[PDB]
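Given next, in structure tokens, is a single chain: the form solved without the named molecule.
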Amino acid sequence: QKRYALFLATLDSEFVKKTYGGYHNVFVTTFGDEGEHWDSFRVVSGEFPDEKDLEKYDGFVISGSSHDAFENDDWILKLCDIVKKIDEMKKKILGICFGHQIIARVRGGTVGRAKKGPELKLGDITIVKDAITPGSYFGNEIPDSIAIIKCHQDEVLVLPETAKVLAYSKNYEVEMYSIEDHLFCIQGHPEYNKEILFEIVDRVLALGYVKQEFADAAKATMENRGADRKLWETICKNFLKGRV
């Protein structure tokens, strides 16, 4: 009987609540297969599993957040201690955006605002093919690059010593990385889609937080192409469910 815990470090948005019924469903659509049990914990509102229950999960996913992974709010510190414990148990954790950065912070890396500005867009990341086995999480043919909806408010400015870089881009050396066999981290959102992106852009535009030109460029990146969604599902599930 397979069990997976999702740590929701963001609230549900109006668009995500109305269109999908919330981030729980978004994650479960993306990374779930039939027959598994998915428990989510709204860690952003201070809800966590008990320490003693961690052993029954076959793996964990840490979502994105509007919070920064360098902040010191009580629920972030508690998430760092929980992740440390999970890590010591050698349980699988997939970290997405904020989640990638949380794992890095727990492993002694440094997270801060992105040197090369924010990103809200579809982009491409270059695979370090030398660091991947044919037949492992990445499939048989390993592509040169993979398209993903990027999350680049923050970044990992100093990489934990134990991390292996699996992909990079021109403006960021840490797009994807693994630690040992049980931590796997991506600075983009496999679980996002064009509708989710376009809604965020329009709202942050209306707020006055980005220029109209930047918004128009962000959306333009998904006018004629989407992310490699099927490949990300395959990679992420192979890692999290030990499927090699």
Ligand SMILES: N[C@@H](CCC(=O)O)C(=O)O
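The first residue of the sequence shown is number 1, and the count goes up from there.
Participant: Which is higher on average in the deposited entry, the C-alpha temperature factors of 50 to 58 or of 194 to 202?
Facilitator: Per the PDB record, 50 to 58.
Participant: If you take the mean CA temperature factor per stretch, which one wins between 139 to 147 and 152 to 160?
Facilitator: Mean B over CA atoms: larger for 139 to 147.
Participant: Checking the record values for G117, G123, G99, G108, which has the greatest CA B factor?
Facilitator: So the option with the highest C-alpha B-factor is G117.
Participant: Given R225, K18, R229, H24, identify the residue with the highest C-alpha B factor in the PDB entry.
Facilitator: Highest CA B-factor of the listed options: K18.
Participant: Consider only the C-alpha atoms of the modelled residues in this chain, order them by B-factor as the entry records it, and name the third containing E36: lowest, middle or highest.
Facilitator: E36: CA B-factor falls in the highest third of its chain.
Participant: Can you tell me which third, lowest, middle or highest, the CA B-factor of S63 falls into for its chain?
Facilitator: For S63, whose C-alpha B-factor we compare with every modelled residue in the chain, the answer is the lowest third.
Participant: Lowest, middle or highest third: where is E175 by C-alpha B factor in its chain?
Facilitator: Lowest third, going by the recorded CA B-factors of the chain.
Participant: What third of its chain, lowest, middle or highest, does the C-alpha temperature factor of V244 fall into?
Facilitator: Ranked within chain, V244 CA B lands in the highest tercile.
Participant: Lowest, middle or highest third: which one holds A217 when the chain's residues are ordered by CA B-factor from the entry?
Facilitator: Within its chain, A217 is a middle-third residue by C-alpha B-factor, going by the deposited values.
Missing here is the form deposited with the named molecule bound; even so, the following discussion is about that form.
Participant: Answer yes if any heavy atom of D154 is within 4.5 Å of a heavy atom of the named molecule in the deposited complex; otherwise answer no.
Facilitator: Contact check for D154: yes, within 4.5 Å of the named molecule in the deposited complex.
Participant: Does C97 reach the named molecule in the deposited complex if we count a contact as any heavy atom within 4.5 Å?
Facilitator: Contact with the named molecule, yes.
Participant: Answer for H182 alone: is it within 4.5 Å of the named molecule in the deposited complex, judged on heavy atom distances?
Facilitator: No, no contact at 4.5 Å.
Participant: Examine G64 and determine whether its closest non-hydrogen atom to the named molecule in the deposited complex is within 4.5 angstroms.
Facilitator: Residue-level check for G64: yes, a contact with the named molecule.
Participant: Select, from the options 215 to 223, 64 to 72, 50 to 58, 30 to 38, the stretch whose residues sit within 4.5 angstroms of the named molecule in the deposited complex by heavy atom distance.
Facilitator: In the other structure, the partner sits against 64 to 72.
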